[PDB]
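Worksheet: one structure, shown below.
There are 2 protein chains.
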Amino acid sequence: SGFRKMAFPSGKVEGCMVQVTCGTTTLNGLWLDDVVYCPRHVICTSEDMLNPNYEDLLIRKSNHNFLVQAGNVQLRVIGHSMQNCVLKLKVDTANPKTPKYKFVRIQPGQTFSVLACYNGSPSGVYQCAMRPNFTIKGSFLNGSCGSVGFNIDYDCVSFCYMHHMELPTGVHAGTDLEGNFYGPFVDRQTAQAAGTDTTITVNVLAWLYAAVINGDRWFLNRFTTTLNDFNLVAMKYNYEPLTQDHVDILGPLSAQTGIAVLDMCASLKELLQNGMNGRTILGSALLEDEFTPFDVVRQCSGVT
Amino acid sequence: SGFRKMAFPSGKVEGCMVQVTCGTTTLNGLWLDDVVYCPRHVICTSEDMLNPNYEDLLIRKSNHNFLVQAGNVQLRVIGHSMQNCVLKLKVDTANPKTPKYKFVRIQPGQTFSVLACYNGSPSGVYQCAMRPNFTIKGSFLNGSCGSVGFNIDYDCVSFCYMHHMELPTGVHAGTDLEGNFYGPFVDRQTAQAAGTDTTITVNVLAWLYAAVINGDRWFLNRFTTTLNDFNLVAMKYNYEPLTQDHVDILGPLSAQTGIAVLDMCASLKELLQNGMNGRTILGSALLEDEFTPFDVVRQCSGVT
Ligand SMILES: O=C(Nc1cncc2cnccc12)[C@@H]1CCOc2ccc(Cl)cc21
Ligand SMILES: O=C(Nc1cncc2cnccc12)[C@@H]1CCOc2ccc(Cl)cc21
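First to last, the sequence lines map onto chains A and A'. A prime marks a further copy of an entry chain.
Residue numbering for the first sequence follows the entry's author numbering, starting at 1 and increasing by one per position.
Residue numbering for the second sequence follows the entry's author numbering, starting at 1 and increasing by one per position.
Take a look at the structure:
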């Protein structure tokens, strides 16, 4: 028993973290096989970031200008190319610690673990979610760029995110491992609207099932609802509309607890309309939306 | 910017995790040098746990009865001994992945990262605190026993905790790496009082400083207090009394923000007496006590 915001074990990802220096800029790189992946803003000075012409800035750079350092050993750069907002540095040595890996583009509402790095060194690991508006509420300081988000299925690491930017609002933006930004963000120090964010409804319901599994049951009630009645409430409270796909993904949790999905929706409706009344659920005074139904099942079953 | 419940990178600890089987019981072991450390209840069946005589149960066991498996390779056990509530299995091979390490006994209120394991395999990592009553609010299922808590200073892992037991209340109890329980707990399936827990005052204040650093300042007020006036309030709300040592440890955060410690105490006093009024601080609707002043400084400075 017990429910925690757990991150995947970070070892397989620590072994890929390298330091990438270009001119005066240093950020983090991801070394998989004979390729180092890093944000393309490694070629910019602070004044370049205002309105950078990346093609033109990269043209002034050569393989010898990119300093890649793994731990304490230098890697020889033999190729460089720009793919969207990432640079791919071909090095002459395959990373001996390259795990089984995939590059995946996660969906809004999905969760992942971030290994925060500075100067190619890992400082911490946390579990977070890709918000519906495609930002992440991370913990990133200067030099954190190039830090990656990932999931782990047994031995295969699915890299899903690379940190690029902190918006003036304090939220974070980044790309998939092909350099495509999540959301409408561009890699420029300019005004950028994050957009209206919503609460991930399926995740809150999943977390309410983890609460019932772990003993916190006070929020359970004598009521039920319909998808449409619940969705009217979700609209009023800036929650993502619940669809039959969300109900279907909640099937395993609904089966384990014996509480129908729409019955749990009625509980969520009452918590939305009445608040917590000074009580807590799984040690939290707000409705948690950073645990997916897959995460709750994984944590309550013990998948390693 | 951004503030997260960050855990240390778990790689150095993943490389020490082994599976320990004795009879029909399997739990996790910690392989450092040529020694595997695991909870001594690995020698018990479920019926033994009611009132076990560990000396007598261990006497029926020989080195060949302890099956230690690292990944997919078996370790040869050449010695066994019981130290308090841990078994030390001398194996014939030193763990090649043994990092620089220390065995430390942490103080109540201090934090650490837990690498949850099942069958010697790491499933997740989370940051938690040793409660003032010496329990931990972890996330542990059957087979999690032998999972360890630790801190990391550059390259040195300080092992501070080994999971042993889940109390009927759903809280967790365990030992230091010499087998000494934190708190009054015994390794028996019997009624065990956890004791009155309190909120770690210094940690809440530290987290309030991290909120000011990161922008959440609404809770700041035109008031100040004294250690004694604040402590009367702390008493009423089951908060640990604040001492001059706590004020002293808050010095760096007080210096960074320019907000005197007793001025932040006055803010905490008002939050205790008036609640949050439906607002949040660092995305939380309650006062967080699982970040020490050292953790806030580390996270806001970027120590790797
Ligand atoms: O965001 C960036 N810096 C950081 C990232 N994350 C966290 C931080 C925290 N504190 C200072 C800086 C940070 C860089 C530098 C600023 O201008 C831009 C503009 C667009 C892009 Cl793609 C990157 C950057
Ligand atoms: O606590 C224990 N089991 C677990 C630990 N942690 C989490 C769990 C979750 N779910 C089932 C079991 C768990 C073992 C077995 C029960 O009897 C005792 C009594 C004292 C001692 Cl020292 C250990 C044990």
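Idealized CB from N, CA, C, for every residue including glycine.
Inset, instruction - Can you pull the chain A' residues whose beta carbon is under 9 Å from the beta carbon of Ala-234(A), in chain order? - result: The residue labelled residue 234(A) in the question sits at position 234 within the first sequence. Correct list: empty, because the minimum Cβ distance to chain A' is about 19 Å.
Legend entry - Contacting positions in the stretch 95–110 of chain A - beta carbon closer than 9 Å to chain A': none
Inset, instruction - Measure the Cβ-Cβ separation of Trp-207(A') and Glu-288(A') and say whether it is below 9 Å. - result: Sequence index remark: in the second sequence, residue 207(A') carries index 207 (1-based). Sequence index remark: in the second sequence, residue 288(A') carries index 288 (1-based). A contact, by the Cβ cut-off of 9 Å.
Inset, instruction - Leaving out five residues on either side along the sequence, give the residues of the same chain with a beta carbon under 6 Å from the beta carbon of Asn-133(A). - result: Reading the first sequence from its first residue, position 133 is the one you call residue 133(A). The residues are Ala-194, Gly-195 and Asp-197.
Legend entry - DSSP bridge partner residues for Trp-207(A) (one or two, in chain order): On the first sequence, position 207 is the one that residue 207(A) refers to. Partner(s): none; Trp-207(A) has no beta bridge.
Legend entry - Interface partners of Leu-141(A') on chain A, CB under 7 Å: The residue you call residue 141(A') lines up with position 141 of the second sequence. Here the neighbours are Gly-302.
Inset, instruction - Measure the beta-carbon distance from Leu-89(A') to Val-36(A') and round it to whole angstroms, keeping in mind my assumption that it falls under 8 Å. - result: The sequence position of residue 89(A') within the second sequence is 89, counting from 1. The sequence position of residue 36(A') within the second sequence is 36, counting from 1. The Cβ separation is near 4 Å, so the contact holds.
Legend entry - Amino acids of chain A', ordered along the chain, whose beta-carbon sits closer than 7 Å to that of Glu-166(A): Here residue 166(A) refers to the residue found at position 166 when the first sequence is read from its first residue. Going along chain A' in sequence order, the residues near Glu-166(A) (Cβ under 7 Å) are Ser-1.
Legend entry - Partner residues on chain A for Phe-8(A'), Cβ-Cβ distance less than 8 Å: Residue 8(A') sits at position 8 when you count from the first residue of the second sequence. Simply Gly-124 and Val-125.
Inset, instruction - Taking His-172(A) as the query, report the chain A' residues whose CB atoms sit under 8 Å from its CB, ordered along the chain. - result: Along the first sequence, read from residue 1 onward, the residue named residue 172(A) stands at position 172. Within 8 Å Cβ-Cβ: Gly-2.
Inset, instruction - Measure from the C-beta of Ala-285(A) to each C-beta in chain A' and report whether the shortest distance is under 9 Å. - result: The residue labelled residue 285(A) in the question sits at position 285 within the first sequence. It does: the Cβ of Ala-285(A) has a partner Cβ on chain A' nearer than 9 Å.
Inset, instruction - Output the residue ranges of the beta strand (DSSP E) runs that lie fully inside the stretch 14–52 of chain A' and measure 3 residues or longer, sorted by chain position. - result: 17–22, 25–32 and 35–39
Inset, instruction - Return the residue from the list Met-6(A'), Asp-295(A') and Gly-283(A') that minimises the CA-CA distance to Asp-216(A'). - result: Sequence index remark: in the second sequence, residue 216(A') carries index 216 (1-based). Of the listed residues, the one whose Cα sits closest to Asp-216(A') is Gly-283(A').
Legend entry - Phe-159(A') and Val-104(A') closer than 9 Å at C-beta: Indexing the second sequence from 1 puts residue 159(A') at position 159. Indexing the second sequence from 1 puts residue 104(A') at position 104. Contact flag set, yes.
Inset, instruction - Take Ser-81(A') as the anchor and find which of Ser-139(A'), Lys-61(A') and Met-6(A') has the nearest alpha-carbon. - result: Taking the second sequence and counting its residues from 1, the one referred to as residue 81(A') is at position 81. Among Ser-139(A'), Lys-61(A') and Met-6(A'), the Cα nearest to that of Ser-81(A') is on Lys-61(A').
Legend entry - Rounded straight-line distance, which links the Cα of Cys-38(A') to that of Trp-31(A): Locating residue 31(A) in the first sequence gives position 31, counting from the first residue. Locating residue 38(A') in the second sequence gives position 38, counting from the first residue. One C-alpha to the other measures close to 35 Å.
Inset, instruction - Please report the Cβ distance between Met-162(A) and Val-171(A), rounded to the nearest whole angstrom; I am assuming they are in contact, meaning their Cβ atoms lie under 8 Å. - result: In the first sequence, residue 162(A) corresponds to position 162, counting from 1. In the first sequence, residue 171(A) corresponds to position 171, counting from 1. Between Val-171(A) and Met-162(A) the Cβ distance is about 16 Å, and since that is not below 8 Å, they are no contact.
Legend entry - Nonlocal neighbours in the same chain, by C-beta distance under 8 Å from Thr-93(A'), ignoring five residues either side: Translated into the one-based positions of the second sequence, residue 93(A') becomes position 93. Around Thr-93(A'): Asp-34, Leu-75 and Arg-76.
Legend entry - Beta-carbon gap between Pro-99(A') and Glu-14(A) smaller than 9 Å: The sequence position of residue 99(A') within the second sequence is 99, counting from 1. The sequence position of residue 14(A) within the first sequence is 14, counting from 1. No, Cβ-Cβ distance for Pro-99(A') and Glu-14(A) is not below 9 Å.
Inset, instruction - Please go through the stretch 151–188 of chain A' and give each complete beta strand (DSSP E) segment of 3 or more residues, from N-terminal end onward. - result: 156–166 and 172–175
Inset, instruction - Report yes or no: is there a C-beta of chain A' within less than 9 Å of the C-beta of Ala-116(A)? - result: In the first sequence, residue 116(A) corresponds to position 116, counting from 1. Cβ-Cβ to chain A' under 9 Å: yes for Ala-116(A).
Inset, instruction - Output yes if chain A places a C-beta closer than 9 Å to the C-beta of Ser-147(A'); else output no. - result: The residue you call residue 147(A') lines up with position 147 of the second sequence. No - not a single Cβ of chain A is within 9 Å of the one on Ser-147(A').
Legend entry - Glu-14(A): contacting residues in chain A' (beta-carbon distance under 7 Å): By one-based count along the first sequence, residue 14(A) stands at place 14. Per Cβ cutoff of 7 Å: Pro-9 and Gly-11.
Inset, instruction - List the residues that DSSP assigns as beta-bridge partners of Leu-87(A). - result: Locating residue 87(A) in the first sequence gives position 87, counting from the first residue. In the DSSP output, where bridge partners are listed per residue, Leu-87(A) has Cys-38(A) and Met-82(A).
Inset, instruction - Have a look at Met-264(A), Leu-141(A) and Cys-145(A) and flag the residue whose alpha-carbon is nearest the alpha-carbon of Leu-242(A). - result: Counted from its first residue, the first sequence places residue 242(A) at position 242. Checking every option, the nearest Cα to that of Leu-242(A) belongs to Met-264(A).
Inset, instruction - Over the uninterrupted beta strand (DSSP E) stretch that includes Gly-124(A'), give me the two end residues. - result: Taking the second sequence and counting its residues from 1, the one referred to as residue 124(A') is at position 124. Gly-124(A') -> beta strand (DSSP E) spans 121–129.
Inset, instruction - Indicate whether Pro-122(A') and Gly-79(A) have their beta-carbon atoms separated by less than 9 Å. - result: Position 122 of the second sequence, counting from 1, holds the residue named residue 122(A'). Position 79 of the first sequence, counting from 1, holds the residue named residue 79(A). No, Cβ-Cβ distance for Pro-122(A') and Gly-79(A) is not below 9 Å.
Legend entry - Cut-off 8 Å between Cβ atoms - residues of its own chain near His-246(A'), not counting five sequence neighbours on either side: Taking the second sequence and counting its residues from 1, the one referred to as residue 246(A') is at position 246. The residues are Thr-201, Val-202 and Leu-205.
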